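> Quick check, what structure comes out for this input:
(chains A and B)
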Amino acid sequence: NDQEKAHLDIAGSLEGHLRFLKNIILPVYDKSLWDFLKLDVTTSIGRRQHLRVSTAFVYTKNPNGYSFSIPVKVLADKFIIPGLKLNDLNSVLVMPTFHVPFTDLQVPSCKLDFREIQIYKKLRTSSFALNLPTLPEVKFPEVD
Amino acid sequence: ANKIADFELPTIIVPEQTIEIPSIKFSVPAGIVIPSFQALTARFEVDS
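Residues are numbered from 1 along each chain as shown, chains lettered A, B, ... in the order given. For reference, the structure is listed below:
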C-alpha cells in the first residue's frame, strides 16, 4: 500500500507425487482414466502432480487525486492562513515577552491574528537552569 | 561515621551528566487528498 497504488497478491503452489492415483481404470465405463479423459501426459503413467492458484487484486489511485488544501502563505518567519474574516471580535492581540518567575525562560513575543491565522515559523526558547546547593543542577540550553 | 567507629567514608563525586532529548515531529493535516479512480483490475487463475 502506498500513495500511488495498492497491490494484494497471493499465490499458492502445491506439489505431490500422485502418480499412483493416475494409474486407475474405470470398470463402469470399462475405460481407463487417461483413456476416458483422452489425456496421457501426467495421466497415462501418473506424475508428480502440481496445483497452482493465483489471485491478483490491483487498483490504481492518484497520490494527489481530488485534494482540498488549506490556503497557506509562507514567509521566512511566519505562515499566514487566511481564514474567515469575522469582524465580531478584536482584530489583533499582541503578547509581550514574559519572564517566568524563578527561572530564566524567556517567552518570545507573538502577535495573534484573528481575521487571518498567523503562525511564526520558529519560536526561541531561552536557556534556564536550577539553582541548588551541591545537588545535580539541570542546565537547559536554548532550543528553537 | 567517625562518631560511631572512627572510620571516615570514601568520597564520591558524580560529575556533570549530559542527557539527550530525541527529536520529535508532530504532523497536523494541511489539507486532504481523495485518490481519483483510474482503474480497478482483478485476475483469478486456476492452473491444472
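> Just the element for residue A:16, please.
Using DSSP states H and E, residue A:16 sits within strand A:5-17.
> which residues are in contact with that strand?
Residues from elsewhere that reach strand A:5-17, judged by Cβ atoms under 8 Å, 6 or more residues apart in numbering or on different chains: A:1, A:48-61. Placement of C-beta: from N, CA and C, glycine included.
> Now the buried members of those.
Neighbour-count burial (16 or more other Cβ atoms under 10 Å in any protein chain shown) is assigned, among those, to residue A:61.
> Adjacent strands (with direction) for the strand holding residue A:16?
If you go by DSSP bridges, strand A:5-17 pairs up with strand A:48-60 (antiparallel).
> got the CA positions of the partner strand in CSV?
Taking C-alpha atoms only, strand A:48-60 is exported to CSV below (Å, rounded to 0.1, in the frame of the first residue of the first chain):
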residue,chain,number,x,y,z
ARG,A,48,4.4,-35.5,-9.6
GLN,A,49,1.2,-33.5,-9.5
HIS,A,50,1.2,-29.7,-9.1
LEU,A,51,-1.6,-27.4,-8.2
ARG,A,52,-1.1,-23.7,-8.9
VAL,A,53,-3.6,-21.0,-7.9
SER,A,54,-3.0,-17.3,-8.3
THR,A,55,-5.1,-14.3,-7.1
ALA,A,56,-4.1,-10.8,-8.1
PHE,A,57,-6.0,-7.7,-6.9
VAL,A,58,-4.7,-4.4,-8.2
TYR,A,59,-6.1,-0.9,-8.0
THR,A,60,-5.0,2.5,-9.4
